[PDB]
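We begin with a single chain expressed as structure tokens, specifically the form deposited in one PDB entry.
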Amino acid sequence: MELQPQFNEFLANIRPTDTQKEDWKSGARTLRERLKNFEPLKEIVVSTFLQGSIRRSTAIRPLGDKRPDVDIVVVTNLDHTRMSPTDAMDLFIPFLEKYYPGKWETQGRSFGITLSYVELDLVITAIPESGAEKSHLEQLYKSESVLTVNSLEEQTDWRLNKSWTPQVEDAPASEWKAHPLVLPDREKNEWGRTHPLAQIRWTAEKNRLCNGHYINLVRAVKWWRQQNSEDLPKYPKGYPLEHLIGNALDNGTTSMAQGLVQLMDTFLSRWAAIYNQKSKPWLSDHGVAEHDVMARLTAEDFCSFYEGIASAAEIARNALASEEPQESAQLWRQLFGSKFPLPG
């Protein structure tokens, strides 16, 4: 059976709690307020916005000592042709030392800030364009849709459009699709391209095309992976796993049970050839098509993950096909564990 109310309860159990959500919002709000009011940075900071699975509503509850993550993108007007990625990032060290002394560390492409209730990631970016195109892009990045403090599931009317306010549609692709930001890579010492706004937009659109089920299916698959982590490779996880899920899921999803079985079956058939080749697929990033989201995933890890999905899919199919509530819920619980409730 589909057991829609049981899936609803399961999803309530695996979302970040209200306390964690408030902690995410508070940490991000305080960081962005401090940046906005910091005088030595006012001439270079164009705007800031939220990226991360919490912003996209694809994150699961942290367990144990783990805390929610906020990924903050700082959009600057620095000239990436004349300033090194290291110097661009170094411009932000007095801010961190003033407000988060002893709690921040330099990472490859970002700064990490560790508080007791939240982890913050500060990504410095620059706009490669110039002139009128740069001004149009900056007006996009200063809009309400980019500055929003809300997660994706909290505002279904959100669109990537400078006219949106909390029905407009996404702006035309010609205005943003070929306009990634650049971001430092200190380990490579070069500016790379990144397009978080395109990823967020794609996620929101896919969730609409799937009747709100996409982000919940991402959460469910992440929970399944966590509950079966000793039987699975460590990778894929996080965003590459989300991306695989969004690739496998068809538009038009009508229920969690149906969508799970469909995306697992499609995953298994679509990648059967590459699995038998003992290879891994290329999947282009939304926004930067030249980038392989699976670049760091090994073929061995992909093939192990694929076998994990094949095993899970047999259970999921029998769970969906079962005509008895208790048997169906027991099969679903074999996938997801005790957070999936038995029907009363």
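Definition used throughout: the rigid core is the maximal C-alpha set that superposes within 1.5 Å between two forms. Residues carry their position along the shown sequence, with the first being 1.
- Residue 167 is a gap in at least a third of the other entries compared, counting only those with both neighbours built.
- According to the entry, the deposited sequence places 10 or more unmodelled residues between residue 166 and residue 167.
- According to the PDB record, 141 to 149 carries the higher mean C-alpha B-factor of the two stretches 208 to 216 and 141 to 149.
- Comparing the deposited coordinates for 322 to 330 and 8 to 16, the stretch with the larger average C-alpha B-factor is 322 to 330.
- Considering 276, 311, 51, 304 together, the PDB entry gives 276 the largest C-alpha B factor.
- When the C-alpha B factors of 192, 102, 246, 240 are read from the deposited coordinates, the top value falls at 192.
- Among all modelled residues in this chain, the alpha-carbon of residue 117 has a temperature factor (C-alpha) in the middle third.
- Per the PDB record, residue ranking by Cα B-factor puts residue 284 in the lowest third of the chain.
- When all modelled residues of the chain are sorted by CA temperature factor, residue 75 is found within the middle third.
- In the PDB entry, residue 69 places in the middle third of its chain by CA B-factor.
- The deposited CA B-factor of residue 33 belongs to the middle third of values across its chain.
The same protein has a further form, the form deposited in another entry, not shown here; the description that follows concerns it.
- Residue shifts between this form and the one not shown, rigid core superposed: of 159, 177, 142, 186, the only C-alpha displaced by 2 Å or more belongs to 186.
- Residue 114: CA moves 2 Å or more between this form and the one not shown after rigid-core fitting.
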